[PDB]
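Trainee: 3D, please:
(chains A, B and C, ligands or ions: 5)
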Amino acid sequence: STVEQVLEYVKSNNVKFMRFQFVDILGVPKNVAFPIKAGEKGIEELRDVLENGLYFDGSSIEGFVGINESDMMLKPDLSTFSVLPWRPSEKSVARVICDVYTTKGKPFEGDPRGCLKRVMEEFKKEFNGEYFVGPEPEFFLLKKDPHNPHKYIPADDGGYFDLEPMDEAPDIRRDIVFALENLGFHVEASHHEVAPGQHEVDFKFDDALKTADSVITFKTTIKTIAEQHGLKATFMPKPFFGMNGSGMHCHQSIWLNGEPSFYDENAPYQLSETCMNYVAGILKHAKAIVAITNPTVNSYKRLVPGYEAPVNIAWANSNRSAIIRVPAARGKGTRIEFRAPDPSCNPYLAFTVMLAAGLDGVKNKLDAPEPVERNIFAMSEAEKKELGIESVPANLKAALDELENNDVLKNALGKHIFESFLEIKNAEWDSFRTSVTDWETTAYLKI
Amino acid sequence: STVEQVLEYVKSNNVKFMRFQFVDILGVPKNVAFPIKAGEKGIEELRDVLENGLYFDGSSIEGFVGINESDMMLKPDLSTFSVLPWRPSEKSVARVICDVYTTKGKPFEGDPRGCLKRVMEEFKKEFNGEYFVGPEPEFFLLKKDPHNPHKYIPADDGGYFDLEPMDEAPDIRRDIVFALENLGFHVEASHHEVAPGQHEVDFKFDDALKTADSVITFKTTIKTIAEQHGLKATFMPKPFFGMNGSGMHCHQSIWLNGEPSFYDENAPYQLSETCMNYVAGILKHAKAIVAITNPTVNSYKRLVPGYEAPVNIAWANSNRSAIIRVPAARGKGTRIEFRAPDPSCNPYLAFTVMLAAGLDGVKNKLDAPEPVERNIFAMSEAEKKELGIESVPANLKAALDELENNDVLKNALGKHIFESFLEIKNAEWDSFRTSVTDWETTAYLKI
Amino acid sequence: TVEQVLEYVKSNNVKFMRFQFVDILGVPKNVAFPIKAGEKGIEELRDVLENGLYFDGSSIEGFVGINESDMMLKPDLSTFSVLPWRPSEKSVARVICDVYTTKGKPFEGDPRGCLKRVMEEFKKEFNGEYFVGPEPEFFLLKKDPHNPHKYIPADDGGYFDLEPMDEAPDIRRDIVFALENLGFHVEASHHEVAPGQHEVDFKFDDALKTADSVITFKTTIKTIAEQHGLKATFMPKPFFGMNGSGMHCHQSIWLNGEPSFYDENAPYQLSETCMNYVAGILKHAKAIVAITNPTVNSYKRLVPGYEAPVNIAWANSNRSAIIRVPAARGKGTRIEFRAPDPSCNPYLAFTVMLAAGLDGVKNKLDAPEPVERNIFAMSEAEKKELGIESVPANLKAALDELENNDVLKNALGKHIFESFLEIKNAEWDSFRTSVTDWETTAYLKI
Ligand SMILES: O=C(O)CCC(=O)C(=O)O
Ligand SMILES: O=C(O)CCC(=O)C(=O)O
Ligand SMILES: O=C(O)CCC(=O)C(=O)O
Ligand SMILES: [Mg+2]
Ligand SMILES: [Mg+2]
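Mentor: Numbering: from 1, shown residues only, chains lettered A, B, ... in the order given. Ligands and ions are numbered 1, 2, ... in the order given. Below is the structure:
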């Protein structure tokens, strides 16, 4: 946490390189390595770079600054120190996640990490609360297709919770869990998922900032370790048609005055008014939240309306057909599971929009709808229309238009992130709608 | 034209087979061959089948009837008799396009050919008019990719109007023109088009029914002759990205009382009020007409808003940037060119919706907007919004919703064609939005 | 107890705990929990060992719907074991669990709990102990050198053959060590009649301990074979024109801590209880084969009209009948139910066998005379006169018999009985609609 503690770990573990890590607007991690010199002179050089930070070209980073005003800085968060395990042990490489700051030493407006810090500090100042998140980011382990090396296929024909040799990833998951534990993660469980070659490594919930720092490190940990075992890991929301997609279910809850505010022993379903107001806010801005939490064109092939997916804007207890599911655990573990996100989203912006829409419901005391205990997939469109169960947008452009007209998320993300995200994603959407796809060639070349 | 004239040709020219041709809802031609026997017994058998028609399973044809009411008939149109040239000369194979009729001998409601006959007879009864159309259906000649035989590429690296050997299709176009002339076509011109391997074979204008019969025979003629020269012809609206797409510009005009009603010697641009009322009607239902005239998902990659295409809903004189272009020819040849269609559409339904929207403007005497002589592609979106130049839908589903809410085209096509077309195209759209495309795999597998 | 498990984990450096269970088809399913260092890791492991953990039940075959997926696992601490094939440094251990609902009640559709229920009902009513000893045979395969997409047997060997004719003494050496480390009492290991077919026998125990060892055995043979560059299969008939994988079930019931099947002063030294139990198995034989032989391929080994344990009759030391009474007497007196194959769920296989047998013990049903003659040498007209009926010829024929059988419906329960028939009817439909390679060979020429 302090400068002295970080420098003490450098001497103990024999750290030789310090990675000053951060994230671009789309959530892609970016970093620069600093070599630590031997003796006290190297320790005190590292101290200056840890306290004052270092400069970098901001124009090359996505959604940051123009070429005419490119000079920027990185101020390290000393609480996020971690030794990278996949790197060598002798002359080890450690990391330090930083906050992007302007030349004048002021936090950068277009920084996703600073955006999440801002809304969390505002929440702690106004309500004395702590926003806790616990995601379930799923991924696919791939191998080259033997019939064609240019294409990739799943690593095994395994199912949900399957055992070896049907599940060919116990060794890959073993090293992933060991690597995460060394990085400071509290791993809860690991297993094979529904689709072939799909896996899920869960970890303990924590405050939104520590959880978002963990999601970035988790994605790198999964990809780097897969390359060591001759495989390629992908967090694509739907790499293959006809099989389950990678989903990042976000279990979340707010604790006002160090108490579980979502729990109420004397209430319906043992859920407090604060919980219902929060759920109402998420459901209100659901069509706009999916623009940030599902930012790829491929995300709307997993999260596809009219088909089995968490597309139905409604909440329910122990039901995976609705967008929100309230797990049966009560007391401290009382929470809500927002099932719409996929691991393709920027965690810093995903937790910001979820907390902003949720707090909009708490501030205004919005009324939540009744829980749809029935299976929503079995219902007909005329029946769902009578109940008022609306669906999330069918494509990326449909979600961007909803985000653009939403003022709650515009204020939470800020003018810089809101406008740059829409501009980057509209160019991405335009590239998709103009390209001639393989489906079109298969269906229309014969005509 | 009469039964005796057809049988007299069959007797002398040694015709052995008679193809009873027709089209499904999507415009795909369908036929059954009838062998003609020698002597008077064979001619009297053919006479009965020509006058009374023959039965067929309607459930197997797309957008026709259910399995529980499948029995249907084909009543030949003796005016469309033609000798297929690509077939042998000795013991030749002749064709006769037919009207689909129900078991009770009544014209089938879901027949595209009967749909066009109905609206033309209604126009001739109400106004004493004749609807003339002259299309320019472009196509691509393809060859297998040498680096991969599973994919196809253009036959040559030729440009617009290029000469041999740069243009490698003079021999292919030569045989196409000879085949069309034998089928009764009045070929006007033939040449290489802008994109590599793209070509265009133009033919004289005629009444909508004779023109739609010619478009079906043209598509078959271009594909069969290409297979003879070891190539594969495709009428796909956009087979390759980054190069021009196949467009079917429809030059059209209406003649009330055997006179060119679109021409007016003493008027602005030498164009009559009837012409302006017709143009106003096309521009009014432009967003709904493109559902029929551009029925494929790929059509919206050629006809793509925001990019160089005939997407801007406006008319202009000798300007190819607008949806309508008024060619400089005057007098009898005074006409309007609807540039939005591509050869993937059903010609019988395309001419029906164009005549219905155009006549809606003539009946109500709608006011047309001013001609946009300026290049519309060079204009900015804010400038086009001030002028009021709206754009055609960006995708197939966006056009189907416009067609569904349009009552003018619903009545012209009829309940059977209107509902079956929307149902077939919505299932086609759902297949596209759920499939994982090659673009998505290229862009998101790395994440 | 909880402390016994925690003390082994503390000293031996165990790092992963597999919470294992089975779906309706007997396919094993599990999730790994990482054990942290120090007292904090041991206290975290204590919580998850006593209270259990949650899992998506809808994704498991034959469990619950999507709108009611919250389910838990309650570890049976007596089933603790170290997985030998996994690494020794930072070792991996397992714990077989019982599926429980959100309300903390045993799940009705759980196969393991289904066997516990009938065993506890038996010990409460008759004070008995149901002992079973299976012989789950398997096939070690290798890719066909003429085509890598197909698999063939590993060696051109025979029954009990010696190396180099038998090329699996190295593979069976490691299978026996792996099972010994898991806590198995291995009795014999050898090659079987067909090429590449092998057998590893283990000592009998109570039906639950045996069913846990059947799941652990199936995984052990497959993981050890994949280490030696081969692929093991417990398919009931992978190749035509040779023996199939059979899982003979040597079973017996001990009322009041004594061998009730033995009677020193009786015919064949077999008690009245044994003859009543055999009469019950033969009565429900047409229905038991639906559970003990649930695959379509099972009826290609267990094929009527051809040499197999298809004939519904009993005999001493005769392998032609469905039941064979081994010549061992005293404590080792038992009956061998020969129809089963290693493709079945053991928990459901022992449940239907005990329930059908106890139906004969409760009603005191009379068994027929033993058919000491070779049944394969008999004609169909002779077998009809004696009353020797045969087991169903296909999967769908067995599912109809199981559906009408009320004795096995109540033993499996409304949840397991209905989901099994639904899963197997959909499986049968997939087979009868598909155009098989036999049809292409016989009818493409016409
Ligand atoms: O496979 C896992 O999920 C974690 C690692 C493990 O259990 C193992 O090494 O066997
Ligand atoms: O090439 C054409 O467009 C028509 C055929 C022709 O002119 C030729 O045979 O050279
Ligand atoms: O082959 C067997 O059955 C057990 C192992 C053995 O005997 C050997 O290692 O030679
Ligand atoms: Mg999951
Ligand atoms: Mg024949």
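Trainee: Report the spatially closest residue to the residue of chain A found nearest ligand 3, excluding sequence-adjacent ones.
Mentor: Taking CB to the nearest ligand atom, ligand 3 has its nearest neighbour within chain A at residue A:165, 21.3 Å off. Bear in mind the C-beta positions are built from the backbone N, C-alpha and C, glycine included. The shortest distance from residue A:165 to any residue other than its chain neighbours is 4.6 Å, reached at residue C:226 (CB to CB, 6 or more residues apart in numbering or on different chains).
Trainee: Can you tell me the SS state at that neighbour?
Mentor: helix (DSSP: H, G, I helix; E, B strand; the rest coil).
Trainee: quick one on the thing from earlier: pull the number of nearby residues for the residue of chain A closest to ligand 3.
Mentor: 19 (other CB atoms under 10 Å in any protein chain shown).
Trainee: Enumerate every residue touching it.
Mentor: C:222-223, C:226 (CB atoms under 8 Å, 6 or more residues apart in numbering or on different chains).
Trainee: Show me what from the stretch 51-200 of chain A comes close to ligand 2.
Mentor: Taking CB under 6 Å from any ligand atom, no part of the stretch 51-200 of chain A reaches ligand 2.
Trainee: Which single residue of the stretch 51-200 of chain A ends up nearest chain B?
Mentor: residue A:152 (6.8 Å; CB to the nearest CB).
Trainee: hey, what's that residue bridged with?
Mentor: Note on residue A:152: beta-bridge partners by DSSP bridges are residue A:144.
Trainee: is it true that it touches residue B:446?
Mentor: No: assessed by CB atoms under 8 Å, residue A:152 is found out of contact with residue B:446, at 11.0 Å.
Trainee: Show me which of the two is the more surrounded one.
Mentor: Using other CB under 10 Å, the more surrounded residue of residue A:152 and residue B:446 is residue A:152, with 20 against 12.
Trainee: which residues touch that one?
Mentor: A:142-145, A:232, A:239, B:445.
Trainee: next one: residue A:286
Mentor: Here residue A:286 is in contact with A:313, A:323, A:340, A:357, A:390, A:392 (CB under 8 Å, 6+ apart).
Trainee: And for residue A:300?
Mentor: A:294, A:393-396, A:399, B:433.
Trainee: now do 10 Å
Mentor: A:237-238, A:290, A:294, A:309, A:311, A:392-399, B:433-434, B:440 (CB atoms under 10 Å, 6 or more residues apart in numbering or on different chains).
Trainee: Ok, residue A:376 next?
Mentor: A:308, A:310-312, A:314, A:316, A:319-323, A:383-384, A:387, A:389, A:391, C:66-67.
Trainee: try it again with 6 Å
Mentor: Applying CB atoms under 6 Å, 6 or more residues apart in numbering or on different chains to residue A:376 gives the contacts A:312, A:321-322.
Trainee: Out of the residues you listed, which is nearest to chain B?
Mentor: residue A:312 (17.0 Å).
Trainee: what number of residues lie near that closest one?
Mentor: 23.
Trainee: does it have beta-bridge partners, and which?
Mentor: residue A:322, residue A:391.
Trainee: I figured it hits residue A:387, correct?
Mentor: No: between residue A:312 and residue A:387 there is no contact under CB atoms under 6 Å: 9.8 Å.
Trainee: Geometrically speaking, which residue is the centre of chain A?
Mentor: Nearest to the mean C-alpha position of chain A, by CA atoms, centre = their mean, lies residue A:347 at 3.3 Å.
Trainee: pretty sure it contacts residue A:215?
Mentor: Yes: in this structure, residue A:347 is within contact of residue A:215 by CB under 6 Å, at 4.0 Å.
Trainee: Need the residues touching each of these two.
Mentor: Contacts common to residue A:347 and residue A:215, judged by CB under 6 Å, 6+ apart, are absent.
Trainee: neighbours around residue A:295, how many?
Mentor: 27.
Trainee: repeat for residue A:115
Mentor: Neighbours of residue A:115 using other CB under 10 Å come to 24.
Trainee: repeat for residue A:222
Mentor: Neighbour tally, residue A:222, other CB under 10 Å: 24.
Trainee: That one reaches residue A:138, doesn't it?
Mentor: No: shown here, residue A:222 and residue A:138 do not form a contact pair, counting by CB under 6 Å, at 10.2 Å.
Trainee: so which residue of the stretch 301-447 of chain A comes closest to ligand 1?
Mentor: residue A:343 (18.0 Å).
Trainee: quick one: terminal-to-terminal distance for stretch A:99-112?
Mentor: End-to-end distance for stretch A:99-112, by CA to CA, to the nearest Å: 9 Å.
Trainee: Contacts for that stretch, please.
Mentor: Contacts of stretch A:99-112 (CB under 6 Å, 6+ apart): A:22-23, A:64, A:71, A:73, A:75, A:113-114, A:346, A:348-349, A:414, A:416-417.
Trainee: Also stretch A:316-331?
Mentor: A:263, A:269-270, A:310, A:312-315, A:336-337, A:339-340, A:371-373, A:375-377, C:66-67, C:69-70, C:102.
Trainee: What of stretch A:382-394?
Mentor: A:287, A:290, A:305, A:311-314, A:399.
Trainee: again, 7 Å this time
Mentor: Stretch A:382-394 is contacted from outside by A:286-287, A:290, A:300, A:303, A:305, A:311-314, A:340, A:372, A:376, A:399, A:402, B:433, using CB atoms under 7 Å, 6 or more residues apart in numbering or on different chains.
Trainee: try stretch A:57-69
Mentor: A:24-26, A:30, A:70, A:72, A:110, A:420-421, A:424.
Trainee: If you rank those residues by neighbours, which is first?
Mentor: residue A:110 (25 neighbours).
Trainee: Could you tell me which residues make contact with residue A:14?
Mentor: Contacts of residue A:14 by CB under 7 Å, 6+ apart are A:90-92.
Trainee: Please disregard the earlier target; I meant residue A:346.
Mentor: A:23, A:26-27, A:112.
Trainee: can you check residue A:114 too?
Mentor: A:99-100, A:107-108.
Trainee: And it, how close does it get to ligand 2?
Mentor: Separation of residue A:114 from ligand 2 (CB to the nearest ligand atom, to the nearest Å) stands at 65 Å.
Trainee: ditto for residue A:271
Mentor: 76 Å.
Trainee: Kindly report the same for residue A:369.
Mentor: 67 Å.
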